[PDB]
């Protein structure tokens, strides 16, 4: 029968008891696997996320010198590429994040301050996430303009590498785009399309998310730039995605939804969005093809989903 989905923003609290309990930091393959301090530190952030409840301010954390150093390295190395490789919406908001959110090499921004900033721009808010959420729950949060965000940082031994999202990827990759109104509406449409959708369609929406929010390219006049969070947080792939090597195709959802992708090497192909308004329209039409015995609408005045 129709899978359960949250109907009010507070119901997202139900997700904490539905994450993958054995995280990536437990794999012998993880850069911090042999480091017990790192291990304990990850558990500390997981407990903060576990006890968090909608409406509370997100707990502030004092990062260690070693963690600030890793942030600094990532920030400084990536920043040199944005003016030439990132889509206009990213560069338009970055200076404001540097001024009101403390995006600077010597300081890791606190999620509460960043969340307040997003609320003022587009009403998006962040909530700390323990471990891995199912695609269903992750996408469902977007329907409420809620982005589940990691608060921990990657292990210091390999600053330019992370096998999972971490705070550098969330803040330098995702946050700037969520401050844009059209991108915010586009992300929310993916979320609304996921509510109560059958498992096989959630996987199609997760793939569309991968080829837009995480690895999307924008058409900007006669040029092509990156807006994908996975590209904006990867020094190597951000330079590669705008070279002659990858194959670029126009975003066509019937096609993007079933395309296979690798999570371990640079993407061999990327989809180019005409604009976020256009991508939003395409998702809305795609959503109409999803078999759901009902229709949904979000009411921002009450923060509830209306089931039609």
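Numbering follows the first chain given and starts at 1. So that the term is clear: the rigid core is the largest set of C-alpha atoms that superpose within 1.5 Å between two forms.
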Between 55 to 63 and 275 to 283, where do the CA atoms move more in 8 other deposited structures of this protein, taking the root mean square over the structures and residues after a core fit? 275 to 283
Stretch with greater C-alpha deviation in 8 other deposited structures of this protein, 120 to 128 versus 228 to 236 (rigid core superposition): 228 to 236
Tell me which stretch has the larger mean Cα B-factor in this entry, 24 to 32 or 237 to 245. 24 to 32
Per the record, averaged over C-alpha atoms, which has the higher B-factor: 181 to 189 or 93 to 101? 93 to 101
Per the deposited B-factor column, the C-alpha that peaks among 172, 143, 132, 108 belongs to 132
Going by the CA temperature factor in the PDB record, which third of the chain does residue 63 belong to: lowest, middle or highest? lowest
By its CA B factor, does residue 166 count among the lowest, middle or highest third of the modelled residues in the chain? lowest
Test of reading the entry: by CA B factor among the chain's modelled residues, which third contains residue 119? middle
Could you place residue 222 in the lowest, middle or highest third of its chain by Cα temperature factor, using the values in the record? highest
Lowest, middle or highest third of the chain for the C-alpha temperature factor of residue 45? lowest
